[PDB]
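Visitor: experimental structure and sequence below.
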Amino acid sequence: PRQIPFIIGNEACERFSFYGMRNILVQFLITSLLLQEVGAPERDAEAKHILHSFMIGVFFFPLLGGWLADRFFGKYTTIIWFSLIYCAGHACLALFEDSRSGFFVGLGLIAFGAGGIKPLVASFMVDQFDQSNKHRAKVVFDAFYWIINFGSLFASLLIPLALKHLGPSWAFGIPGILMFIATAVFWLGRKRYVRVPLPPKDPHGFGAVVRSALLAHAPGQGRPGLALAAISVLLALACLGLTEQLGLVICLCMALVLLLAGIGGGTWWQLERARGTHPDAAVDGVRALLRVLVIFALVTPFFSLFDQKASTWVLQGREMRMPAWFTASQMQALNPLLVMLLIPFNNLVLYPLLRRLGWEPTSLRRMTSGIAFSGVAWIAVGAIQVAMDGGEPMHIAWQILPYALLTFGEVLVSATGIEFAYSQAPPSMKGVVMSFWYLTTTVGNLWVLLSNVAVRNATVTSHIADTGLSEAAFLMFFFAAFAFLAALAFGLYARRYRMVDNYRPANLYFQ
Ligand SMILES: CCCCCCC/C=C/CCCCCC(=O)OC[C@@H](O)CO
Ligand SMILES: CCCCCCC/C=C/CCCCCC(=O)OC[C@@H](O)CO
Ligand SMILES: CCCCCCC/C=C/CCCCCC(=O)OC[C@@H](O)CO
Ligand SMILES: CCCCCCC/C=C/CCCCCC(=O)OC[C@@H](O)CO
Ligand SMILES: CCCCCCC/C=C/CCCCCC(=O)OC[C@@H](O)CO
Ligand SMILES: CCCCCCC/C=C/CCCCCC(=O)OC[C@@H](O)CO
Ligand SMILES: CCCCCCC/C=C\CCCCCC(=O)OC[C@@H](O)CO
Ligand SMILES: CCCCCCC/C=C\CCCCCC(=O)OC[C@@H](O)CO
Ligand SMILES: CCCCCCC/C=C\CCCCCC(=O)OC[C@@H](O)CO
Ligand SMILES: CCCCCCC/C=C\CCCCCC(=O)OC[C@@H](O)CO
Ligand SMILES: CCCCCCC/C=C\CCCCCC(=O)OC[C@@H](O)CO
Ligand SMILES: CCCCCCC/C=C\CCCCCC(=O)OC[C@@H](O)CO
Ligand SMILES: CCCCCCC/C=C\CCCCCC(=O)OC[C@@H](O)CO
Ligand SMILES: CCCCCCC/C=C\CCCCCC(=O)OC[C@@H](O)CO
Ligand SMILES: CCCCCCC/C=C\CCCCCC(=O)OC[C@@H](O)CO
């Protein structure tokens, strides 16, 4: 279709721009006048707080983007308006580089813009193909895989060099211009796009079945699931009262986790009461979605460990030996390079080997192994830190070891997770699966924010100061242990999981 190049152009510029600004954020922040803390470990925590709060927004706002597009404006209009807000955020990073208030408004606008378009770009692309040629979108999804990885790789190698040698106006200015170009290119194909109707309200969709499950009465029982859901709404509201000691972003996230557990768990309790009102394939479909929500919840520590390569690992990298021309942030280029090497290594070498050897590399085995390997990566990061803390000069090339381990974990759990959930949930409920997957990253980033608060406590600080390890080394070993515990909890849940496939072919678009 003649409109597809405008979509490819917009996707390439926006992805390069996103990774470009995100992957220099902590290195820019740590030497800036934008941090209010004065002590070195307090400033590390503050820079992590900003990055991980930004990641929270990026992966939470798809909820708003999808809702506005599906219920009111369609995908084209929603993409355009979120992309312009996105541009305004990039312009704020320019207009307010030396202003804490303006630069944070800029990050807020970028998070909102990037988050809002995220569940829309891929869906709008598929809409461009006629209903009998939907399978041909696979070729474009394959191009998105290469575009995301090459864009992330180049952004990680180039933008930190612009920061180091040219300064912040150039380093944030380049992604800003690319986002303007991404928005302009999307707009240039406007007269050629297919603009499909708003999705019809499904009387047997996820929301309707949850509504019927919670509200339906049963003789001589009552409604304890609705009660649990009501109590979770009250506990979520109580969180807004902890803004003083935890900050608004943590409070809003803890409230989100409470609402997911209470309403989800409450729906699980009374889901059988929907069986009459709904066609069974709808009720079973919601049961399958709730089992997926548990699998996704258990994967959140992987994202706690994964998203810290742009914060905690950069901060470590800065203290390591390197040539004058190199900068710590450039190490982030190893992740997309390793994804591009390891996706075909696992697909063409490792999985076929394992299959021939008798150990079937099932989707749940890959996921358990994936969380465990992210834990192993953090044992390596911590061991590197312990060598650094003991006065040993460590070359930054030592970070290749945890990058390899972590990216191996990513290919095993992150690339598998979404494909696994799609295979188990009804294909008509794919949007719900995706919303829960985005929230998996939001929740993993919350665990990082919570760890920052926990270490700032004078009692925890004294326990750390007595442990012998630095705050960074303690936190690294803590995250490794957290991933190992998560791998164990995931594996025990996976053991009792019954695979019930939908038998509908689907996907290299996981990042
Ligand atoms: C349900 C969760 C929604 C969260 C929305 C988050 C919106 C994104 C914001 C990115 C900018 C982060 C600025 C935070 C910040 O610097 O806080 C001040 C902090 O340094 C004090 O410790
Ligand atoms: C390591 C952190 C794990 C907790 C993450 C919290 C995110 C929220 C998750 C929703 C709660 C689980 C849903 C409960 C539910 O429906 O269970 C059904 C389950 O028993 C099916 O086997
Ligand atoms: C510096 C290049 C980074 C990107 C690496 C991409 C690796 C993907 C290769 C495609 C699948 C293997 C096809 C068979 C083949 O010719 O393998 C040789 C070589 O590509 C193996 O890395
Ligand atoms: C199946 C994959 C297994 C991978 C095993 C490796 C996992 C990590 C182990 C910790 C070693 C981290 C490297 C740090 C190190 O060697 O520092 C000591 C020394 O070199 C300091 O001069
Ligand atoms: C996708 C490409 C990523 C490129 C960066 C990651 C590879 C590691 C680089 C370490 C910093 C540059 C040092 C170059 C150099 O002289 O290397 C020799 C060094 O390995 C000896 O220890
Ligand atoms: C040419 C093939 C390279 C394959 C690399 C990917 C597999 C992972 C390897 C682990 C590398 C460990 C780090 C080695 C390192 O930095 O040594 C320390 C040395 O640079 C000190 O000068
Ligand atoms: C590089 C040279 C080309 C310059 C292109 C200039 C236009 C740039 C960006 C798009 C502006 C969008 C303005 C808002 C708009 O059209 O909204 C329509 C919306 O309300 C309904 O779909
Ligand atoms: C000291 C500077 C603080 C900077 C704070 C940054 C805030 C920036 C952007 C957020 C824009 C408001 C979006 C809120 C909104 O309408 O969300 C509705 C949504 O929660 C419904 O799901
Ligand atoms: C593993 C290969 C990945 C692709 C590499 C793409 C290269 C793009 C950007 C980074 C270039 C950095 C080169 C800087 C450099 O070597 O400077 C040395 C300096 O002393 C001048 O001689
Ligand atoms: C897509 C962006 C294109 C425009 C920007 C291209 C420039 C990229 C990176 C900066 C290169 C370093 C410039 C030379 C320089 O000052 O070297 C540092 C040092 O040798 C002197 O202080
Ligand atoms: C589209 C990709 C290629 C990008 C090429 C470079 C043009 C992009 C952005 C322009 C940024 C200009 C920043 C001007 C500025 O404030 O300079 C002040 C000072 O830093 C001068 O060195
Ligand atoms: C619907 C989303 C709206 C956007 C929300 C954006 C929130 C942005 C910034 C909040 C900054 C909180 C500052 C307070 C804080 O965290 O203080 C540190 C605390 O540990 C007390 O020492
Ligand atoms: C279409 C995109 C714009 C085309 C421009 C691509 C620019 C590619 C690479 C940037 C040059 C990196 C070289 C950095 C370098 O060696 O700096 C000097 C050195 O002494 C300090 O790093
Ligand atoms: C510091 C906490 C350590 C906790 C132990 C971590 C062990 C590492 C990875 C988890 C492996 C999977 C757990 C066992 C499991 O579920 O096995 C089921 C399997 O036998 C079915 O074939
Ligand atoms: C600390 C070293 C970590 C190394 C990687 C972790 C160990 C490797 C594989 C464990 C996979 C357990 C998966 C459990 C699972 O899905 O069981 C379901 C199965 O029993 C259904 O028949």
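Guide: That came through, no problem. Residues are numbered from 1 along each chain as shown. Ligands and ions are numbered 1, 2, ... in the order given.

Visitor: residues contacting the residue in the chain positioned nearest to ligand 8?
Guide: Nearest residue of the chain to ligand 8: residue 108, at 2.1 Å (Cβ to the nearest ligand atom). In short, each C-beta sits where N, CA and C put it, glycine included. Contact analysis of residue 108 by Cβ atoms under 8 Å, 6 or more residues apart in numbering lists 57, 89.

Visitor: just residue 340 next, same as before
Guide: Counting by Cβ under 8 Å, 6+ apart, residue 340 touches residue 149.

Visitor: helix or strand: which one has it?
Guide: Secondary structure from DSSP states H and E places residue 340 in helix 334-345.

Visitor: which helix or strand lies directly C-terminal to that helix?
Guide: Sequence order places helix 351-357 as the next helix or strand after helix 334-345, per DSSP H and E.

Visitor: from the chain's centre, how far out does the helix holding residue 340 sit?
Guide: Distance of helix 334-345 from its chain centroid, counting by Cα atoms, centre = their mean, to the nearest Å, is 18 Å.

Visitor: now that helix: buried residues?
Guide: When neighbours are counted by 16 or more other Cβ atoms under 10 Å, the buried residues of helix 334-345 are found to be 334-340, 342-343.

Visitor: does it reach ligand 3?
Guide: Yes: Helix 334-345 is in contact with ligand 3 by Cβ under 6 Å from any ligand atom, via 337, 340-341, 344.

Visitor: is there proximity between that helix and ligand 5?
Guide: Yes: under the criterion of Cβ under 6 Å from any ligand atom, ligand 5 is reached by helix 334-345 at 334, 337.

Visitor: what's the closest of the buried residues of helix 334-345 to residue 371?
Guide: Nearest to residue 371 out of the buried residues of helix 334-345 is residue 342 (Cβ to Cβ; 16.2 Å).

Visitor: wait, that closest one touches residue 409, no?
Guide: No: look at residue 342 against residue 409 with Cβ atoms under 8 Å: they stay out of range, at 10.0 Å.

Visitor: what residues does the chain put near ligand 7?
Guide: Taking Cβ under 6 Å from any ligand atom as the test, the list of the chain residues beside ligand 7 reads 76-77, 80, 84, 183-184, 187.

Visitor: now do the most centrally placed residue in the chain against ligand 12, distance only.
Guide: The chain has residue 441 as the residue nearest its centroid, 3.3 Å off, counting by Cα atoms, centre = their mean. Distance of residue 441 to ligand 12, given as Cβ to the nearest ligand atom, to the nearest Å: 16 Å.

Visitor: roughly how far apart are that residue and ligand 10?
Guide: Counting by Cβ to the nearest ligand atom, the gap from residue 441 to ligand 10 is 28 Å.

Visitor: can you tell me which residues in the stretch 51-200 of the chain are near ligand 11?
Guide: So far as Cβ under 6 Å from any ligand atom goes, the stretch 51-200 of the chain lies against ligand 11 at 166-167, 169-170, 173-174, 177-178.

Visitor: ends of stretch 308-324, what's the gap?
Guide: 25 Å (Cα to Cα, to the nearest Å).

Visitor: what's the answer for stretch 31-41, then?
Guide: In terms of Cα to Cα, the two terminal residues of stretch 31-41 are separated by 13 Å.

Visitor: how far does that stretch sit from its chain's centre?
Guide: Distance of stretch 31-41 from its chain centroid, counting by Cα atoms, centre = their mean, is 26 Å.

Visitor: and it, what's buried?
Guide: Using 16+ other Cβ under 10 Å as the test for burial, stretch 31-41 gives 34-35, 41.

Visitor: just stretch 440-452 next, same as before
Guide: Buried residues in stretch 440-452, defined by neighbour count with 16+ other Cβ under 10 Å: 440-449, 451-452.

Visitor: then stretch 157-165?
Guide: Buried, per 16+ other Cβ under 10 Å, within stretch 157-165: 157-164.

Visitor: what's the closest non-adjacent residue to residue 314?
Guide: residue 26 (4.8 Å; Cβ to Cβ, 6 or more residues apart in numbering).

Visitor: does ligand 15 sit close to the helix or strand that contains residue 480?
Guide: Assigned by DSSP H and E, residue 480 falls within helix 471-495. Yes: contact between helix 471-495 and ligand 15, assessed by Cβ under 6 Å from any ligand atom, occurs at 491, 494-495.

Visitor: which among the residues you listed end up buried?
Guide: Using 16+ other Cβ under 10 Å as the threshold, 491, 494 are the buried ones among these.

Visitor: next one: phi and psi at the residue in the stretch 101-250 of the chain that ligand 14 sits nearest to?
Guide: Here the stretch 101-250 of the chain gets closest to ligand 14 at one residue, residue 250, 25.1 Å apart by Cβ to the nearest ligand atom. Backbone torsions of residue 250, given as degrees, to the nearest 10, read phi -60, psi -50.

Visitor: which ones are touching the closest residue in space to it that isn't next to it in sequence?
Guide: Of all residues not flanking residue 250 in the chain, residue 449 sits nearest, at 5.3 Å (Cβ to Cβ, 6+ apart). By Cβ under 8 Å, 6+ apart, the contact list for residue 449 reads 49, 52-53, 56, 247, 249-250, 253.

Visitor: same question, residue 300
Guide: Applying Cβ under 8 Å, 6+ apart, one finds that residue 300 lies in contact with 440, 443-444, 447, 486.

Visitor: please repeat the previous calculation with a cut-off of 10 Å.
Guide: Residues near residue 300 by Cβ atoms under 10 Å, 6 or more residues apart in numbering: 257, 439-447, 486.

Visitor: let me know the helix or strand that it is in.
Guide: Going by DSSP H and E, residue 300 is part of helix 281-306.

Visitor: and the residue of the stretch 51-200 of the chain nearest ligand 1?
Guide: The minimum distance from the stretch 51-200 of the chain to ligand 1, using Cβ to the nearest ligand atom, falls at residue 57 (3.1 Å).

Visitor: count the residues that sit near that residue.
Guide: Residue 57 sits with 21 neighbouring residues when counted by other Cβ atoms under 10 Å.

Visitor: is it in contact with residue 104, as I believe?
Guide: No: counting by Cβ atoms under 10 Å, no contact exists between residue 57 and residue 104, whose distance comes to 11.2 Å.

Visitor: residue 417 falls within a helix, correct?
Guide: Yes: counting by DSSP: H, G, I helix; E, B strand; the rest coil, residue 417 is part of a helix.

Visitor: can you give me every residue that contacts it?
Guide: Residues near residue 417 by Cβ under 10 Å, 6+ apart: 292, 295-296, 299, 302, 363, 366-367, 370, 433, 437, 440, 510.
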